[PDB]
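Sequence lines, in order, name chains B, L, R, F, A and W. Just so you know, we're using the deposited numbering here: the first sequence kicks off at 2 and counts up by one. Just so you know, we're using the deposited numbering here: the second sequence kicks off at 2 and counts up by one. Just so you know, we're using the deposited numbering here: the third sequence kicks off at 2 and counts up by one. Just so you know, we're using the deposited numbering here: the fourth sequence kicks off at 2 and counts up by one. Just so you know, we're using the deposited numbering here: the fifth sequence kicks off at 2 and counts up by one. Just so you know, we're using the deposited numbering here: the sixth sequence kicks off at 2 and counts up by one.
Number of protein chains: 6
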Amino acid sequence: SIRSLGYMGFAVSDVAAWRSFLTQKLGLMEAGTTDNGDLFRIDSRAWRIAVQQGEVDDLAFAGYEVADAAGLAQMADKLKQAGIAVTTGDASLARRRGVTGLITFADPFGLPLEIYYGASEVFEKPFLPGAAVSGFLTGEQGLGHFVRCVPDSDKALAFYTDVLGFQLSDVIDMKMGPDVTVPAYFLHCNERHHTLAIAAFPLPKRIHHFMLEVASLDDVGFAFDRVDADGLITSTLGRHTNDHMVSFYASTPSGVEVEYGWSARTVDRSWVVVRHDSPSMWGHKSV
Amino acid sequence: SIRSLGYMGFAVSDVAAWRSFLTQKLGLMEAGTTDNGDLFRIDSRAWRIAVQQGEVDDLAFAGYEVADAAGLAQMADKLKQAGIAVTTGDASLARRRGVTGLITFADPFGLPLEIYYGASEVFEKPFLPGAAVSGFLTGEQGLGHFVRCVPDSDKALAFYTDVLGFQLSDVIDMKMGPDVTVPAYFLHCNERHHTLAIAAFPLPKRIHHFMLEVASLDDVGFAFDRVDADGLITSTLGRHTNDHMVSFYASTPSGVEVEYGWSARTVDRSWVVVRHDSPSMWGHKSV
Amino acid sequence: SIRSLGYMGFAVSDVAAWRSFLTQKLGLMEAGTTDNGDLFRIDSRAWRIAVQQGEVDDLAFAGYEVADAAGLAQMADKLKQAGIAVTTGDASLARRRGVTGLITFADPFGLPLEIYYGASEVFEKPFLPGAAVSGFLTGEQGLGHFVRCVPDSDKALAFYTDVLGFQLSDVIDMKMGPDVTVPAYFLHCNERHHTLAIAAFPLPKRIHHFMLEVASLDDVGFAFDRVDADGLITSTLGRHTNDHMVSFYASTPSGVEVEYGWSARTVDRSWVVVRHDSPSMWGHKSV
Amino acid sequence: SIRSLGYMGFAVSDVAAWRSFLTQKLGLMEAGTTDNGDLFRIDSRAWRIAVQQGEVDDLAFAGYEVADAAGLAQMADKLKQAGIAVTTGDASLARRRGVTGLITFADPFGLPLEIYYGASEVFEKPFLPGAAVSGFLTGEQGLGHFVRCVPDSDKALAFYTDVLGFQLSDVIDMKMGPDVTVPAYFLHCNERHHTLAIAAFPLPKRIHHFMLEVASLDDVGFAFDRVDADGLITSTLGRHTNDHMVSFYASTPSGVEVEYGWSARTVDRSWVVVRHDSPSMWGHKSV
Amino acid sequence: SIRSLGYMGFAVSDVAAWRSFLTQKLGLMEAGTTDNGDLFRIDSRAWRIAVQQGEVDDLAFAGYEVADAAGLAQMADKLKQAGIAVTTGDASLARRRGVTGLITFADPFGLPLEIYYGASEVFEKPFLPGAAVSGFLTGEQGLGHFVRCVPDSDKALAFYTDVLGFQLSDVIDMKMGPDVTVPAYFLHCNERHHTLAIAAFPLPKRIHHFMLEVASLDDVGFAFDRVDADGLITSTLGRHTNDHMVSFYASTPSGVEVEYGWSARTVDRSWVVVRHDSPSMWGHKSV
Amino acid sequence: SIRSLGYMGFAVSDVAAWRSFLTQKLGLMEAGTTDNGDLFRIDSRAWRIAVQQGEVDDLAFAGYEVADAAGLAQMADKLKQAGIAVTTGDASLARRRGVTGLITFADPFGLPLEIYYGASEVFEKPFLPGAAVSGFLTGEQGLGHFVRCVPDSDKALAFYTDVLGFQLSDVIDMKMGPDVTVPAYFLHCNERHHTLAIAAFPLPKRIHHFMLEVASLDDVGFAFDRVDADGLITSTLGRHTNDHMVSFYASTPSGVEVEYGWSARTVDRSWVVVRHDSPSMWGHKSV
Ligand SMILES: Oc1cccc(-c2c(Cl)cccc2Cl)c1O
Ligand SMILES: Oc1cccc(-c2c(Cl)cccc2Cl)c1O
Ligand SMILES: Oc1cccc(-c2c(Cl)cccc2Cl)c1O
Ligand SMILES: Oc1cccc(-c2c(Cl)cccc2Cl)c1O
Ligand SMILES: Oc1cccc(-c2c(Cl)cccc2Cl)c1O
Ligand SMILES: Oc1cccc(-c2c(Cl)cccc2Cl)c1O
Ligand SMILES: Oc1cccc(-c2c(Cl)cccc2Cl)c1O
Ligand SMILES: Oc1cccc(-c2c(Cl)cccc2Cl)c1O
Ligand SMILES: Oc1cccc(-c2c(Cl)cccc2Cl)c1O
Ligand SMILES: Oc1cccc(-c2c(Cl)cccc2Cl)c1O
Ligand SMILES: Oc1cccc(-c2c(Cl)cccc2Cl)c1O
Ligand SMILES: Oc1cccc(-c2c(Cl)cccc2Cl)c1O
Ligand SMILES: [Fe+2]
Ligand SMILES: [Fe+2]
Ligand SMILES: [Fe+2]
Ligand SMILES: [Fe+2]
Ligand SMILES: [Fe+2]
Ligand SMILES: [Fe+2]
Ligand SMILES: [Fe+2]
Ligand SMILES: [Fe+2]
Ligand SMILES: [Fe+2]
Ligand SMILES: [Fe+2]
Ligand SMILES: [Fe+2]
Ligand SMILES: [Fe+2]
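Structure below.
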């Protein structure tokens, strides 16, 4: 089974702008440039986010991590049983991603996805943030989460749940006007409240935002100010109703947003599905 | 010696507005009306804040608490030795304040002050906040703090330090324009980083603001939204450089502000005086 | 200085009734009979309560403990300096009490008092309660407390405070009718909120009650039922406003009451004197 | 299933040198001499390491522990199902090893292996180290680990994983020259990050080294100096990238090395396989 | 002021017997032989017990530790003010003891005493017990205690209390026959319940026993058996009424006894003097 | 009284080399350049180490921190009473150092010293290390320590102890050849085992080394490798006998060494002076 979101790749029009934003604003660590593009770290892994030159200015691909080779084989079988076109990543791609093995495919709406095992650790190159950040929260919870924008949430939900094995945490019926209410589904694959959210929003991108979690409230507070200095804040500090994460949102150079948060609650086998009519307990005022 | 700030009285033009603000917005508990005015609670004490009808729309008086009768006598002696006009509170005033004994006087610039002992507890009338607040932080740290605006900080500092016994925590040189920088002094009389601050600000009131501390970040977050709904926020959420309190500021019906915060650090006998050039680590953006 | 209340002696008309009450109802341990009367234990000390045959049916004497011989000498000097008639306990009395040294005198209203040092421990005779009690709370807090009924509280307060060194914790103005309100003073000599209380009640005894503290709520609950079975309960379970002790009151065979409680808060050097208008937060309904 | 590495036997040319090295340098306890050779302890077990006279100067055999007789029977069946020649240890061998029951066989490359249950405890002969060592870490993690040098890692990996049940922790691609890179596989059978490692190194011995873990950093520091005094250090202090153990390496009298470490992290069912390009975060400089 | 008992020296007729007893039976560490005699350790200090050849077969001297040079000077002054003959230890003696400075004198009954500061630490020679002992308890509590046998306890008590500054913990009236009861005084100079005890016992030695405290119950249990094997036990395992130490007693080769214990309670400034009629809660049966 | 070592200034011939060494090797944060020279941080303080252009290639000055203005006045008085030439730092110097007030003078051998109060905090510019360091340990323990090389240790000791108020922790008699042994004195002014050490070493500099303490063992391990890469290590990893700090030593561009450590023990009022014959328990091999 999939254990977590392991990495993400972005294809952007302004690579230099993304380099500055990720390091100076968010505090990620520059980790070199390879055939995989500019690499960025948040922990012991060789890379978590890759930035390549591209006109889409959007998420180019996402990689989900399994525990081992057997886990990869099981997922490949499940995908093919579901009629999904699966391709074994050649040695060249595995090297580019720095993984031992991987398979590639796309979700129902074209997002390139990868499932891999045996990623590269670089403890000998101790993580040093590009900005003052006490630390990022990863471990068994993986990289964080992102919100997949789709045309049909039911079809997307069925794929991620029935085929990829994600489990529902909760639903938030997002009010988008007196005559518009869209359900947002939050799914987990580990203790992180959600690793993936699905919603039918009127956005021209594959995702609304990706989220990175930090170790302290000050990490969030300082980052907010660094981002605000450039007028990139899209939402004030607030706490979510479902995962109870305290965060703010900001614009990346590609328009896609990034959520930066702290203190979210986790889920387990005793968790029960619930619904909400608001996404924020307090704060998160649109600006 | 003075152990803490015990209570405050305000003389306001719109008593009903203050009643609604303190209870519905800040979460204080209405505790009846007596010859002491409308009373409000935040803990086991019979009252901490009193609101009376008055045209000044400002702090009318403040009461500092001593441990016992002997403590009151010592302070009265110290004040008279300093040439300050001290008056023993008559039985009528003691009853009004609900204290066992007290003395009255004024600081160098006219603020009526009182030092008392033996205030009234009402554990049999369990505290119930007027809004969703997990709790206020008082105990040995007292009510909170307020910032006394004065024409001459040196004279004020000498009185509060040499006569009343407050001790300096730190100084912040507040930038108020390319050609204006004013020092703000933060003083303690217990573990609370500061119970009183002194500064020469261009304000027509006795104090810039008073501060109340709550038990959780959510208490602050929810209150921010309740206040923001009425457009009364004066500063966004932020954390101070000196006491490390996370708070926001808002306007009371009298114009004087109120600071609502959480998680401040405390001080002790190992504390050393320092200086700062900024009052906020992050946040506290003027709005 | 006096460190705690160490023991109490009662002169009663029905010794057998007291023996049964203390052991079967309250859970004290029978510890033999000597020239000191019937002895009862609650901890490692050879005895804490003595019961002798007497028509007064009241507290016959109370012993306060000092840390050592030097402490005893200091107290004897303080008492004589105050004009109090002090008598050195002869070897015979010291043996009877099982102490190394002691002095005797009376308070302003005739209560025989003793100050001693070097009491006897009997760890080799492990404490075994006479009823199901997980344990009594003593240690540095001593035996517990009792309430001295006096004709003039001011005179009594001055003696116990100025001469014996007790310190005021708080005051409760006890309502005893639309036209009657009497102040009750609670005094400490260690961490126990109060070891002695003073009040001018209309009672024909030296004390209103003595109090013993137990280790768990169940100890109190079970004892309540054992006492209630004989119709001796005088007050339902409740919690006090000042020491926050959860307790109930009952009648001893002498009429004097006994308070049996659990979970009281303690005091220290940061404590400030306060006042109350009620003695109970909840419960303690007279029955 | 195999629960841990339980013991090891070495056949050496200089038994006296090994006796001195194990006790004076590493701190093991001499535990007598039997038909099993010279015995050495590190905990409550009668012996963990045996040293016999032999010209190979290498690991002579290794014993893996199962929980009980049923566990032994299951492993014997699994081995025979795999076509491995298994022999039931006769009463004579069981006595020599001090175990209740055992089976013997060899791995694909000739290393004599044993699986047993019911080893002997000697709590009545309290462990006393031969040198200043606060303690060795064993318990459910067993003796420690050793690195099996093989000609074909794939064949070895398949045997230890598919037949013996070891699970992969991670892989480190060891750089051994611009044109030489060999993968080292680390396998676990309990919480210890690895109980066995497999690699195709150019060494004329069955193992590169065996490892013993101690309770404190000082245990390692002092041992380093005792070994360094004789010029036997082969690697400076360092911390591994995979198990995060802080250790140093040294030469035994047989040339085979020994690793002595502290503070390694453990693994569980939430562990995911990863890869590394370096075996040390810091230190471990070859000397 | 004296901070603890730092070391002891014994003059014995059978040095080899003492060497074996201290190391093999009690677990002390042999620490070389100098002009100070055979040295033995129990912790980081270069030595705590010295054994020299002598016909007295008794304690030859004891050294009390002060915090620094100023402390030594103060004690020397106090002793001379009391009329005691004090001698400054020459450089030769200081070297022999491995201390920076010391003064020598005798107690009222001839026991040679020394007060010193700046003893030698040997952390570079890590403590290794001569037998299986998890550790000895020293630190701020010093070496342990010993019981000084005297002809006149009152005179001895006055010297150790009034001159050396020891403080009384408690008294035990030791029953030694229907017509014989002797008081034993236990004195502290730090947190250890007692560092010195004084009693008028009918023994031909300077001390009844010296005591060493270990870290676990097993340390005591195993030692008991090692001593019992040679028939040297003088008292079964038991727990004391005053310090609550669990221990046993045994005969040294000189006849003087040694107490070996674990888990004693400590004392502080809140401690009150008490008396006992038995020295043991349970156990300590004479054999 | 002096509370800690607050800052140090170095006058060096190669400012760029020092900039690279402090940031890239040790992990300090570049904090701008002012009339005070190049500034470097390790915590919330505006600066802790300053580097100015100078031919001495040595410590140029050191600043000791007092708690407040009163503390500064007391020290100035003590110094003048001792006949030391004290100069009040003018507003220009105070600004350069970023302190509220300070006095200047020199120790007996020419080292310029300063005592100040009210240094500048910059929490709004969150500390970001120049290399991977989890954190530096400062707080109430100050910057760290340095070893003052002097011609006459007795004279130096008397000044720092009798005049500046430092207290002795311990002494280590450093072996420097069969015929050379020099005592090194370690002094504290707070909980840090030593803030200053004094010794008569044959070095042409004012100090042998200065020391910085980090939060984890890995911080030390990684730094060791960064320094070793340039062949600047002067001592292998080891742990000291007196403060039990685990550290290594390296050469700065000025020749003066720097010690980088972790996990030292602290001292308090229960500490007793001792002596040592070795400075290291293990490690610290000269290379
Ligand atoms: O906040 C956002 C999150 C995801 C996509 C867009 C976006 C929109 Cl709504 C229109 C044009 C281009 C972009 Cl990147 C966006 O503004
Ligand atoms: O992490 C989250 C938890 C709950 C809701 C949102 C959310 C919001 Cl607040 C706005 C748009 C889209 C989403 Cl998924 C979210 O990002
Ligand atoms: O934020 C504030 C704090 C204290 C006083 C005033 C004030 C001013 Cl600045 C002008 C007129 C009236 C008032 Cl209440 C104010 O606006
Ligand atoms: O509690 C506080 C700590 C530090 C600074 C201020 C402050 C600010 Cl942020 C603006 C105006 C006046 C003050 Cl005292 C403050 O209120
Ligand atoms: O509850 C009580 C506490 C103390 C004394 C009496 C008492 C009274 Cl109020 C009258 C006669 C006899 C007694 Cl013991 C009593 O009833
Ligand atoms: O322990 C106590 C704390 C507060 C009040 C009383 C009290 C009551 Cl509840 C009734 C009569 C007398 C007293 Cl002292 C009391 O016994
Ligand atoms: O460090 C080592 C680990 C295992 C084996 C050898 C070895 C070699 Cl590489 C050659 C000859 C003999 C030996 Cl023991 C060795 O030196
Ligand atoms: O315990 C370990 C963890 C990671 C790597 C090695 C290793 C090294 Cl550092 C050199 C040679 C062989 C091995 Cl297995 C190792 O012994
Ligand atoms: O247990 C003992 C403690 C101290 C001294 C002696 C002793 C006696 Cl009681 C007589 C002769 C010799 C000795 Cl050592 C002893 O037997
Ligand atoms: O440590 C101790 C605590 C209480 C009593 C004794 C004692 C005994 Cl049990 C017998 C003889 C002498 C002594 Cl001091 C003792 O050694
Ligand atoms: O390790 C050292 C610490 C302090 C000073 C020097 C030094 C020496 Cl010993 C000679 C010339 C120049 C220097 Cl910096 C040095 O080498
Ligand atoms: O922090 C320390 C503790 C004990 C000793 C030294 C030291 C050493 Cl190891 C060599 C030269 C000088 C000193 Cl002060 C030291 O720097
Ligand atoms: Fe999100
Ligand atoms: Fe789930
Ligand atoms: Fe404030
Ligand atoms: Fe203070
Ligand atoms: Fe009571
Ligand atoms: Fe008190
Ligand atoms: Fe290894
Ligand atoms: Fe596993
Ligand atoms: Fe003893
Ligand atoms: Fe004491
Ligand atoms: Fe140092
Ligand atoms: Fe000190």
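Every residue gets a Cβ at the ideal spot worked out from N, C-alpha and C, and that includes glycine.
Whole-angstrom distance between residue j and residue i, CA atom to CA atom
{"i": "B/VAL67", "j": "B/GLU125", "result": "24 Å"}
{"i": "R/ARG149", "j": "R/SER5", "result": "16 Å"}
{"i": "L/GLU214", "j": "B/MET177", "result": "36 Å"}
{"i": "L/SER252", "j": "L/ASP229", "result": "10 Å"}
{"i": "W/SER287", "j": "A/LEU60", "result": "45 Å"}
Secondary structure of residue i, DSSP reduced to three states
{"i": "R/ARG97", "result": "helix"}
{"i": "B/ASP171", "result": "strand"}
{"i": "W/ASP219", "result": "helix"}
{"i": "L/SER154", "result": "helix"}
{"i": "W/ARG46", "result": "strand"}
{"i": "W/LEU23", "result": "helix"}
{"i": "F/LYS206", "result": "coil"}
{"i": "F/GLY140", "result": "helix"}
Cβ-based neighbour list, residue i, same chain, cut-off 6 Å, excluding 5 preceding and 5 following
{"i": "L/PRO113", "result": "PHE62, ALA107"}
{"i": "R/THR105", "result": "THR88, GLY90, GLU115"}
{"i": "A/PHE110", "result": "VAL151"}
Counting beta carbon pairs with one atom in the segment 250–269 of chain A and one in the segment 182–196 of chain A, are three or more of them shorter than 8 Å?
Yes, the segment 182–196 of chain A touches the segment 250–269 of chain A.
Which residues, taken in chain order from the segment 105–119 of chain A, show a beta carbon closer than 7 Å to some beta carbon of chain W?
Taking 7 Å as the Cβ-Cβ cut-off against chain W, the residues of the segment 105–119 of chain A that qualify are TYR118, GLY119.
Of the residues that make up the segment 152–169 of chain A, which ones have a beta carbon closer than 9 Å to any beta carbon in chain R?
Taking 9 Å as the Cβ-Cβ cut-off against chain R, the residues of the segment 152–169 of chain A that qualify are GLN168, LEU169.
Members of the segment 63–92 of chain F near chain W, C-beta cut-off 8 Å
So the list is empty, because no residue satisfies the distance condition.
Inspect the CB distances between the segment 218–232 of chain R and the segment 24–33 of chain R and report whether three or more fall short of 8 Å.
With a cut-off of 8 Å, the segment 24–33 of chain R and the segment 218–232 of chain R count as touching, because enough Cβ pairs lie within range.
With a threshold of 8 Å, are at least 3 pairs of Cβ atoms found where one atom belongs to the segment 197–211 of chain L and the other to the segment 140–148 of chain L?
Yes, since at least three Cβ pairs between the segment 197–211 of chain L and the segment 140–148 of chain L fall closer than 8 Å, the two stretches touch.
Segment contact, 8 Å Cβ cut-off, at least three pairs: the segment 132–140 of chain A with the segment 31–50 of chain A
With the cut-off at 8 Å, the segment 132–140 of chain A and the segment 31–50 of chain A touch.
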